[PDB]
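Have a look at the structure below, then the notes.
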Ligand code: HEC
Ligand code: HEC
Ligand code: HEC
Ligand code: HEC
Ligand code: HEC
Ligand SMILES: COc1c(O)c(C)c(C/C=C(\C)CC/C=C(\C)CC/C=C(/C)CC/C=C(\C)CC/C=C(\C)CCC=C(C)C)c(O)c1OC
Ligand SMILES: COc1c(O)c(C)c(C/C=C(\C)CC/C=C(\C)CC/C=C(/C)CC/C=C(\C)CC/C=C(\C)CCC=C(C)C)c(O)c1OC
Ligand SMILES: CCCCCCCC1=C(O)C(=O)c2scnc2C1=O
Ligand code: FES
C-alpha cells in the first residue's frame, strides 16, 4: 500500500470532526501498545526500505537526520539483543515521533506515478 | 457387491452407520441396505460386479 | 581456579588430551552405569533368577 | 588473502558459514534452519543403513522391518531414530514456517526464498508418506490406497493415472516396490532444493526481529552463531533421545504393527499427527473433487501472503492487531488437528467446517484488512493536520 | 542487464552454459565432457525405473532381473540401456582422460581439476562394480568375493574388515542387499563430485590444442559449442542404439546368465573389459599384498603427472618424442587388456610383467627424461652462442 | 567473473548502509568479565518481563479455542450417552 | 461414539517394568512362557519369536534345546530326493498350532486367533489392555445385550462381542517355581512374557537411554555457558552519539 | 504358458496343454491341501521336485 493512499484516508478522517474524535484516541492507544518508542525508534524508522521509493527518499534526506536515523537503528538492535528496553528517560516522546521521512516518500511517489502516466499516455486526433 | 468405497478406496465396515448398512471409517460415508450412498463424500453406490447363479453357488466374474 | 592452572597453565586443553580423556571416560562411565542399573533392578534380572533355579 | 578466501571450495564455506554477516539482533527463532539441515542428515544416514537390511517385496516388507528391529545390531535404534526423526522434522519445520509468518520473512525481497520453501514442504510431505508406505502395516496400505486415489478426482483420465501409479488392479507388489525406490530418490531432490533455498537467502541475507535493515550492525556467522546453533542442536538431541529410548511408539500408530490386509480397513483410522490438519480439511467438504482441491489449496495459499500483506512495515513485532490474529491462526491450526483425530460426528463436523473457513480467511481477508487498518492507525496517531 | 544475468539461478546457467568464453580453437576431443554428463543421466534414469521392479534378496535378485527382462513393458530396453551404458560410460571416460594426458590438461593451473577427476574415476569403478553384483549371476558372486577379499591384504585387521563387509561368513544375503543400497547411493556422490569438477574448470577455463593462452580470442559457449556438442551427442546415441537393439550381450559375459553358485567358480573367468588392464596388473605379481598394492598404485600414479612433466610448454602438439611415447603408452594399455583376457600361461605372464613395468615407467621415467631432453633441443636449435 | 545483480546487502566494507558518523562504540573483553554467575540478583527480576507484555496475545486466543473445544466435546459425550439419544436423533441426520 | 463401541477403558496397573529405570521381571517372563505353552499355544501362534532368544532371558541354553527338540521341522531332502523331517534346533522359530489360515478358522467358529508376537504393541493400552481383557470376562453379560451365538461378552473389547471365551481359571497351571496360579497371577505373567516378545530390546534400550540422556544433558548445559562467554563482548557493548557539526 | 499364445500355438492349444498338468491350489474351506489343473498364468513344470 502506497503512502499516498495512506495519507488520503488518514487526512479525510483527520479533517472530519466526526471521525477525528472517534479514531485518533484509538490510534494513540495503538501506538503506545506497539512499544517501538521504548526502543528509541520513531515510526518512520520502521518503514521497510528495500524498494526504489524508499531508497530515493533516504538518499534525499539531509545529513543530520540521516546520522540520527543511523544511531537510533543501531541503538535499537543492541537493546533488543540484550532483551531490555531503554531507561524511560531515553524513550522517544510523542512530540519527537514526527513523520520526518514522509514528505520525501510522497514526493518520490508522485514523481514515480507521473512517469508511469506519461509513459502510457494515449493520443486522440 | 464390491466392498470398495467410491470416495478414495477404503473398505466399508459391515453393519454400521446411520442407514442400516455399511460405513467407511476413512472419511465417513454411509451406505444403505442396498449399498447405495446416502451421506458423505462418496459420489456413487457400491459397484455391482458381473455374476451368475448355479444352484447353491454363485460365480463372480 | 588454581586447580586448572596446575595441569594446563593458562592454555586451553589440546585435542590429544581431549581424545585421550574421551577413551578413558567411555569405559569408566559405562561401568558406573551398568553397575547402578543392575543394582537398581536386583531380583528382576536373569542373573538373579538363575540362582533361584537348580537344574 | 587468507586461504579460506582464495580456495575455490573453501570460499563457499567461508561466505556461507564463517564470514557471513548476520544481523546482531536475531533470536533463537533463527536457529530452526540449521536444525532442519541436521534433521535432513539424520534421515538420510539412518535410512541408508536400514536400506541394507530392507526388502521391498510385498510379502517380505513388514517382516524385514521386524528383522531390523530384532536381529540387526542396534537396529531398533536406527528405526526409532528414523521414525521419530520424521516427526521431529515436521515439528521444527512448522516452527521455521511460523517464524517466517510472524516476522514477515516472506516479504520482498525474499519472495523467491519463501516460494522455494513451499516447494520443499511439499517434497517433504511426499517423502514421509512414501516412507510410511514402506512399513506395509495396516495404516500403510490404506494410506497408499487413499493418497493414490486422490488422483482419480481429475476428470476423464483420473482413474487411469491411478491404475498407472499402482502398476495394477490395486495397491500391490508393484506399488510398494516403486514406493521404496521413490522414497530413496526424493530426499536427494530435497537436498538440491535446500541448496537453492540457501542461495536465495545469501543474496539479501537474514531478516531480523525488528523488521528493519541489518546493514548498520552485523557480526560474523563464525563464533557467534556457530556456538549459538550448538545450544539448540544439543537441546534438540536431548528431546529426541527421550522419545527414541523411553517412548519410541508414542508418535506412531498401533495399527502399523499389524501387517497390511487388502480386505479389511481398521475401524478407527488416525493419520500421522502432522497430516491431521489437512485430513480434517479434506473431510469437511461433502464433495469428492472439491474436497481434494481445497486440501491442496490449503498449502498453495501460502504463496499468496506476499501480495495480501498490505502493511508498510515488515513483521508483527510492533503490531497489536496482527499479533492477536496471528495466534488465532496458530490455535485454529491446532484445533483443525484435534478435529482430524475425532470421528465424523455432530459437534465436530461443523467445528471442522468453520475452522477450515477461518484458515483460508486469514490469508485472504483478515491479513489484508487488518494490515490496511494498522497502516492508517500508524499515520493518524502522529500527523497533526 | 538481461534477466539471464540478474536472476540468482539463471546467472549460474548463463555463466556455465551460455556466455562462458571458450577458446576459439578447441576440437572434438573437448566434446567428451558433455558426453560424460549425458552418460551419468542415462545411468541414473534407467536405474531408478528398474529399481521399481528389482528385489535385492539373494533368493530373488537374479529372477527379478529376468522379470525385468520378460514382464516389464520395455524392460529389456531399460536393462540393455543401463548395462551397455556403463560400458559406453568407460569408453568415453578413457578418451576424456587420454585427451587430458595428451594436451597437458593436468598441468598447472588445472591440478585441482585433474585431481577431482581421479576421484570421480575411482567412484565410477566402485559404482559399476556394485551394480555388477546386483545381477547375482556367476560372475557377480565371484567378483563380490574377490573385490571384498582385496581388503584381507591389510595386516592384522584385514580379515575382519572383510567379514564386516560381508555381514557374515561369506558373500550372502547381507552382502548383495547392502551392495544394492550402496549402488543407489554412490551415483549421487559422483554428481556432487562432477559439480566440484566444473567449479574448478570455471576458474581458469578450458585449455586448447595449441597449449597456449586462449585469452586473446574467445567465442561464447552459446550457439557455437551447444550445437557442436549436439553433433557428438547424436553420434553417441546412434552407436549405443546399435548395441542395445542389435547386439545387447556382446559386451557382457554368458556366465552372468547363470545364477550365482557358492560352491563352483567358472572354469574361465574374464572380468568386465574396462577392468581387464587392472586385472592383468594384479595377476602379474606373485605376492598377495604386493599384488593389490601395485594395482591400486596403477590408478594413484595419475596424481604424479603434474610434477614429473618437466616440459616448459603444455601438451604434445609440437613434441616429436612425446607424441611417439604417448602412443606407446596407449597401446601398452590395450595390450595389458588383451593379456587380462588370456590364461595365466607362458608367453603371456612375462608379457604381462613387462607391460606393467612399461605402464609405471611412463609416468616415473619416460616423461621426465623425454620432457627434459625436449626442453634442451628446443633451446640449442635457435640460440647462436 | 560475470556481472552480478544489485541486492540490498553487500559485504564487509561495503555493506550497503548509510554513511555513519558521530557514533562511538565501546566494549570489554569477555576474558576480563565476571565469570558467568552474575546472571542473578541483577538479572532475574528483569527477566520474565518479555512475556508479561506478550502472554495476552497468546492467552486470549488460546482461551477462546480451549473453551470452544471443551464445549463441543462435552456436547458430543452427552449426545452419545443414554440421556441424549433423543436429541441425537434430532441433530444427527 | 457409544461407550459399548469404543470399549471400556483399561485402567493403569503398576507393572514392575513401568518407569525409565526399570527392567522386565525375568521370573515373570519365565512363568508367562509356561502359561503360553500350556494354555494359549493351543490357538495362538508366536511366529516372530526364535528359540535362541529365550536363552539367557527366561531359560537356560539346555532347557531351550530340550523344548525345541520336542517339535519337528522340514529338513533338507535326502540323497534320493524324498522329503524328511528333523527335530528342532535353536535357530528355528516357535511353531504354531495351525498349518494355514483356513484350518485356524475351522477350529474357531470361523474366527482367526491373531499371532501374539507383537500384540502388546499392536493395541492401544498395551499391557493394561491385554491383562484387563483376560481377567474381565463377567459370568453373565449386562441386561439387554443380545449376544450372538458362539460369541462371548467382554467390556474391554470394542463392541463387547469377542470370539474368544474365558480360558484362564484358577489353578489350571502348576507353576514350576511354586507360585499360586490364580487367574490374575497368570494373566499378569503371560502379558509380561508377551511384552518381552514384542520388545525384546527393552532392558538394554533403557540402559543405553540412561547413558545417552546424561551426556546430552551435560552437553546442553555446557554449551549455554560457552555461548554466554563467547557473547559477553557484544552483550555488554555500549554506544554514544555526538551529532556531527555541519 | 501364456507366452506361447500367439507365438507358436493358439490360445486354445496352450490351454489344453497346461491343463494336462497339476499344480498346488489354495487350501479348501477346512485347511486340507488340494490340487488343480493348469492355467495360462502358470509356468511350464519340470521333471524333478
Ligand atoms: C482358542 C480356544 C484360544 C485360546 C486357548 C486363547 N485364545 Fe486368544 N483368541 C482366540 C480367538 C478365536 C481370538 C479372536 C477374537 C476376535 O473376536 O477376533 C483370540 C484373540 C485374542 C487376542 C486379541 C484380541 C484383540 O484385542 O483383538 C488376544 C490379546 C488374545 N486372544 C490373547 C490370548 C492369550 C494371552 C491367551 C492364553 C492366556 C489366549 N488368548 C488363549 C482364541 C483363543
Ligand atoms: C533408503 C534411504 C532412505 C532415505 C534417504 C530416507 N528413508 Fe525413510 N525409510 C527408509 C526405509 C528403509 C524405511 C523403512 C524402515 C522404517 O520403517 O523405518 C523408511 C521409513 C520411513 C518412514 C516410516 C517410519 C516408521 O514408522 O517406520 C518415514 C515416515 C520416513 N521414512 C521418512 C523419511 C524422511 C522424512 C526422509 C528424509 C528427509 C527419509 N525417510 C529418508 C529409507 C530411507
Ligand atoms: C537404483 C538406481 C540406480 C542407479 C542410480 C544406477 N544403477 Fe546401475 N543398476 C541398478 C539396478 C536395479 C541394477 C540391476 C539391473 C541390471 O542388471 O541392469 C543395476 C545394474 C548395474 C550394472 C550391471 C549391468 C548388467 O550387466 O546387468 C552396472 C554395470 C551398473 N548398474 C552401472 C551403473 C553405473 C555406472 C551407474 C551410474 C553412474 C549406475 N549403475 C547407476 C540401479 C541403479
Ligand atoms: C515455507 C517456508 C519455508 C520452508 C518450509 C523452509 N524454509 Fe528455510 N527459510 C524460510 C524463510 C522465509 C527464511 C528467511 C528467514 C528470515 O530471515 O526471516 C528462511 C531461512 C532459512 C535459514 C536461515 C536461518 C533461519 O532459520 O532463519 C536456513 C538455514 C533455512 N531457512 C533452512 C531451511 C531448510 C534446511 C529447510 C527444510 C528442509 C527449510 N529452510 C524450509 C522459509 C522456509
Ligand atoms: C582423470 C581425469 C578426469 C576425469 C576422470 C574426469 N575429468 Fe573432466 N576434465 C578433466 C580435465 C583435466 C579437464 C580439462 C580439459 C582441458 O581443458 O584441457 C576436464 C574438463 C571437463 C569438461 C570440459 C569440456 C572437456 O571435455 O574438456 C567437462 C564438461 C568435464 N570435464 C566433465 C567431466 C565429467 C562429467 C566426468 C565424469 C563423470 C569427468 N569430467 C571426469 C579431467 C577429468
Ligand atoms: C543467513 O543465515 C544463516 C545461514 O546462512 C546458515 C548457512 C546457517 C547454518 C545452517 C546450515 C548451513 C544448514 C545447512 C544444511 C545442509 C547443506 C544440508 C545438506 C544436506 C545433505 C543431506 C547432504 C547429503 C549427504 C550425503 C550424500 C552423505 C550421507 C551418507 C553417507 C556418509 C553414507 C556412508 C556409507 C558407509 C557404508 C560408511 C544459519 O544458522 C543462519 O542463521 C542466521
Ligand atoms: C569450459 O568448458 C565447457 C563447459 O564448461 C561445459 C559446462 C560444457 C557442457 C557440458 C556439461 C554442462 C555437462 C554437465 C553435466 C551435469 C551437471 C550432470 C549432473 C548430473 C545429474 C545426474 C543430475 C541428477 C538428476 C536427478 C536427481 C533426476 C533424474 C531422475 C528423475 C527425473 C526421476 C523421475 C521419476 C518419475 C516417477 C517420473 C562444455 O562442453 C565445455 O566445453 C568447452
Ligand atoms: C497434504 C496431503 C495430506 C494427506 C491427507 C491424507 C490423509 C489420510 C487419509 O485421508 C486416509 O484416509 C488414510 S487411511 C490411512 N492413512 C490415511 C491418511 O494419511
Ligand atoms: S474412502 Fe470411504 S469415505 Fe473416503
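Per the header: X-ray crystallography, 2.5 Å.
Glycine is treated like the rest: Cβ placed from N, Cα and C.
According to Swiss-Prot:
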type: BINDING; residues: E:16, E:202; note: ubiquinone binding site
type: TRANSMEM; residues: E:28-51; note: transmembrane segment
type: TOPO_DOM; residues: E:52-74; note: topological domain 'Mitochondrial intermembrane'
type: TRANSMEM; residues: E:75-102; note: transmembrane segment
type: BINDING; residues: E:82, E:183; note: heme b b562 binding site
type: TOPO_DOM; residues: E:136-172; note: topological domain 'Mitochondrial intermembrane'
type: TRANSMEM; residues: E:173-204; note: transmembrane segment
type: TRANSMEM; residues: E:224-246; note: transmembrane segment
type: TOPO_DOM; residues: E:247-287; note: topological domain 'Mitochondrial intermembrane'
type: TRANSMEM; residues: E:288-308; note: transmembrane segment
type: TRANSMEM; residues: E:320-340; note: transmembrane segment
type: TOPO_DOM; residues: E:341-347; note: topological domain 'Mitochondrial intermembrane'
type: TRANSMEM; residues: E:348-364; note: transmembrane segment
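Positions of the features from Swiss-Prot, shown on the structure.
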{"residue": "E:16", "record": "ubiquinone binding site", "contacts (Cβ under 8 Å, 6+ apart)": "E:198, E:202, E:221"}
{"residue": "E:82", "record": "heme b b562 binding site", "contacts (Cβ under 8 Å, 6+ apart)": "E:42, E:43, E:46, E:47, E:50, E:131"}
{"residue": "E:183", "record": "heme b b562 binding site", "contacts (Cβ under 8 Å, 6+ apart)": "E:127, E:130, E:131, E:133, E:134"}
Checklist outcome for this item: The answer for the transmembrane segment (E:75-102), taking Cβ pairs under 8 Å and residues 6+ beyond its ends, is 29-30, 32-33, 35-36, 39-40, 42-43, 46-47, 49-50, 53, 65, 67-69, 114, 117, 121, 124, 128, 131, 236, 239-240, 243-245, 248, 251-252, 272-274, 302, 305, 315-316, 326, 329-330
Checklist outcome for this item: Listed stretches E:28-51, E:288-308, E:320-340, E:348-364 vs the transmembrane segment (E:224-246), most Cβ pairs under 8 Å: range E:28-51
Item to check | Within the topological domain 'Mitochondrial intermembrane' (E:247-287), residues counted as helix, strand or coil by DSSP | outcome: 12 helix, 1 strand, 28 coil
Item to check | Protein Cβ atoms within 10 Å of residue E:202 (ubiquinone binding site), excluding its own | outcome: 15
Next on the checklist: Cβ under 8 Å, sequence separation of at least 6 from the ends of the topological domain 'Mitochondrial intermembrane' (E:136-172): give me the contacting residues as numbers and ranges.
Outcome noted: 58, 61-62, 65, 129, 178-179, 253, 255-262, 265-266, 269, 271, 288-289, 291-293
Next on the checklist: Six or more residues beyond either end and a Cβ under 8 Å away: which residues meet both conditions relative to the topological domain 'Mitochondrial intermembrane' (E:247-287)?
Outcome noted: 62, 76, 80, 83-84, 87, 90-91, 94, 125, 128-129, 132, 135-143, 170-171, 294-295, 298-299, 333, 336-341, 343-344, 349, 352-353, 355-356, 359
Item to check | Counts of helix, strand and coil residues, the topological domain 'Mitochondrial intermembrane' (E:136-172), according to DSSP | outcome: 25 helix, 1 strand, 11 coil
Next on the checklist: What residues elsewhere in the chain lie close to the topological domain 'Mitochondrial intermembrane' (E:341-347), defined as a C-beta under 8 angstroms and at least 6 residues from its ends?
Outcome noted: 268, 270, 276, 283
Next on the checklist: DSSP secondary structure for residue E:82 (heme b b562 binding site), reduced to helix/strand/coil, please.
Outcome noted: helix
Next on the checklist: DSSP on the topological domain 'Mitochondrial intermembrane' (E:341-347): how many residues come out helix, how many strand, how many coil?
Outcome noted: 2 helix, 0 strand, 5 coil
Next on the checklist: If proximity means a C-beta under 8 angstroms from chain D, which of E:16, E:82, E:183 count? These are the binding-site residues.
Outcome noted: none
Item to check | Positions on the same chain near the topological domain 'Mitochondrial intermembrane' (E:52-74), where near means CB under 8 A and six or more residues out | outcome: 134-137, 172-173, 175-177, 180-181, 259-260
